[PDB]
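K.L.:
An experimental structure, sequence included, is below.
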Amino acid sequence: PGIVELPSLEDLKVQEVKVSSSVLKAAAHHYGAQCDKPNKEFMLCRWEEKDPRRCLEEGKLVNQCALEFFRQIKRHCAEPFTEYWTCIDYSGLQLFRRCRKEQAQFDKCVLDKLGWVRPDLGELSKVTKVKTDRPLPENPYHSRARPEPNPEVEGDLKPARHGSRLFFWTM
Amino acid sequence: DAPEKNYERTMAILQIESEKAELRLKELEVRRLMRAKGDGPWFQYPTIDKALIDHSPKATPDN
Ligand SMILES: CCCCCCCCCCCCCCCCCC(=O)OC[C@H](COP(=O)([O-])OC[C@H](O)COP(=O)([O-])OC[C@H](COC(=O)CCCCCCCCCCCCCCCCC)OC(=O)CCCCCCCCCCCCCCCCC)OC(=O)CCCCCCCCCCCCCCCCC
């Protein structure tokens, strides 16, 4: 068959979000609130293209919008967030329920200094509508022409010509 | 019976039986072509229904 078409190594270079998983999980609800739009454009492009190579640029927007999410935490509320992801980082299963006072301090400092509302129980699992200008992929499976089906039956059913025609049976 | 009666009755018998014989030869040729090509209503052995396929958005996108 054909050559697989991969992007080059310079096409994949982007400033990564070089933080740990507890830093991400501690900031997760405000990330799902504030970084909604490029993330949903990316995941819509990701389920519609069904090909990561056609989803790189939108993905870079994700990696553009996450970092600006953290710098805006780093410029204003670096220390309550630092205590909060440290307390999240202690636990094995990384429980939100073991760290409610640092969560309250972080949410209070964020709501005062930046004006972000933490999403409630039920909001981040909603299915939202996304306004994009990219075209809908007309063939995301790279399929081809389906074969022509067999012709159907039509016409009124006439009786059998001279019956069964089985050797001598005249009916 | 009259010779006219037997004669024309024999012609009716020969019409019916020659038509049955030509239809049997056509039936054999139709069966041969439908088994060879598979494009007729006979020998349509079952394949999988595509109404069974789930086209919902799945868990991972690459599918
Ligand atoms: C106002 C509204 C109402 C009006 C009503 C008007 C009518 C009133 C009466 C209605 C009731 C029906 C009466 C009979 C209608 C005519 C049927 C007929 O004779 O067909 C001739 C039929 C074909 O002859 P034909 O010259 O081409 O056409 C004349 C008709 O137009 C044939 O016409 P067809 O083209 O339409 O026929 C179709 C086709 C025409 O036939 C064919 O296409 C040829 C192939 C037929 C089958 C051949 C099989 C061969 C291998 C097995 C042989 C088994 C052993 C033989 C018998 C041993 C004895 C048991 O027949 C069949 O497919 C049926 C199979 C044969 C059954 C016939 C009816 C029997 C009814 C009584 C049963 C009594 C026992 C009978 C013997 C048992 C075995 C059948 O003859 C044969 O097949 C030879 C056998 C004789 C037939 C049965 C005789 C019936 C009367 C029997 C009285 C005596 C009984 C004694 C005791 C029992 C025996 C121990």
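P.N.:
Noted; the coordinates are in hand. Residues are numbered from 1 along each chain as shown, chains lettered A, B, ... in the order given.
K.L.:
quick one: which helix or strand includes the residue in chain B that the ligand sits nearest to?
P.N.:
Going by CB to the nearest ligand atom, the ligand is nearest to residue B:13 of chain B, at 9.8 Å. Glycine gets a C-beta too; all of them are placed from N, C-alpha and C. Per DSSP states H and E: residue B:13 is located in helix B:3-37.
K.L.:
separation between residue A:140 and residue B:42?
P.N.:
Separation of residue A:140 from residue B:42 (CB to CB, to the nearest Å): 37 Å.
K.L.:
thinking again about what came up before, give me the buried positions along the helix holding residue B:13.
P.N.:
Using 16 or more other CB atoms under 10 Å in any protein chain shown as the test for burial, helix B:3-37 gives residue B:20.
K.L.:
now it, how far from the centre of its chain.
P.N.:
17 Å (CA atoms, centre = their mean, to the nearest Å).
K.L.:
now do stretch A:140-148
P.N.:
26 Å.
K.L.:
Residue of chain B closest to chain A, please.
P.N.:
Nearest to chain A, among the residues of chain B, is residue B:61, at 4.4 Å (CB to the nearest CB).
K.L.:
Tell me the spatial nearest neighbour of residue 35, not counting adjacent residues.
P.N.:
You didn't pick a chain, so chain A it is. Nearest-residue entry for residue A:35: residue A:65, 4.8 Å, with adjacent residues in sequence omitted and distances by CB to CB, 6 or more residues apart in numbering or on different chains.
K.L.:
other chain: chain B
P.N.:
residue B:43 (5.3 Å).
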